[PDB]
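Inside the fold
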Amino acid sequence: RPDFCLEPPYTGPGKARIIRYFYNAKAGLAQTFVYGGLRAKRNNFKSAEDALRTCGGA
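Residues numbered from 1 in each chain as written, not as in the entry; some residues may be left out. Heavy atoms only, no water.

Per the deposited record, X-ray crystallography is how this structure was determined, to a resolution of 1.12 Å.

So, in structure tokens, the structure goes:
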């Protein structure tokens, strides 16, 4: 599983409220979170299906 999949979600400094997905490795689930629109990290997906394919494990 890529190492960036183990990071907590990162909202960042932007003032937007954009609903994105992160992979929660401890839970084993893709979950939603509020992203501010600036300086996303890689554990920040546009969909659940993308989060799971990238971070869900082989």
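Side note on the UniProt feature "domain: BPTI/Kunitz inhibitor" in the protein
If you check UniProt for "domain: BPTI/Kunitz inhibitor", the listed places come out as residues 5-55 in our numbering. Summarising residues 5-55: 16% helix, 27% strand, and an end-to-end C-alpha distance of 6 Å. (UniProt positions renumbered as here; feature names shortened; annotations may be inferred. Helix = DSSP H or I, 4+ residues; strand = E, 2+ residues; numbered from the N terminus.)

Quick word on the side chain of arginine 20
Inspection of the secondary structure assignment puts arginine 20 in strand 1 (residues 18-24). For the buried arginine 20, which has no salt bridge, the nearest side chain bearing the opposite charge is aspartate 50, at an N-O separation of 9.5 Å. Polar contacts involving the side chain of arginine 20 include one to the side chain of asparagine 44, which spans 2.9 Å. For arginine 20, the residues in contact, after removing those within four places along its chain, are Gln31, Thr32, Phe33, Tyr35, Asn44, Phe45 and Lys46. (Buried < 20%, exposed > 50% of the residue type's maximum accessible area, 1.4 Å probe, protein only. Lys, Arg positive; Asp, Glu negative; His and termini not counted. Salt bridge = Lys/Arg side-chain N within 4 Å of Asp/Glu carboxyl O. Polar contact = N/O pair within 3.5 Å; in protein donor to acceptor, adjacent residues only side chain to side chain. Contact = heavy atoms within 4.5 Å.)

A look at the pairing of strand 1
Sheet topology places strand 1 next to strand 2 (residues 29-35); seven bridges connect them, and they run antiparallel. Across the sheet, the residue bridging to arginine 20 is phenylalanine 33, located in strand 2. Turn length for the strand 1-strand 2 hairpin, with the two strands adjacent in sequence and antiparallel, is four residues, and the turn residue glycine 28 shows positive phi of about 75°. (Pairing = 2+ DSSP bridges.)

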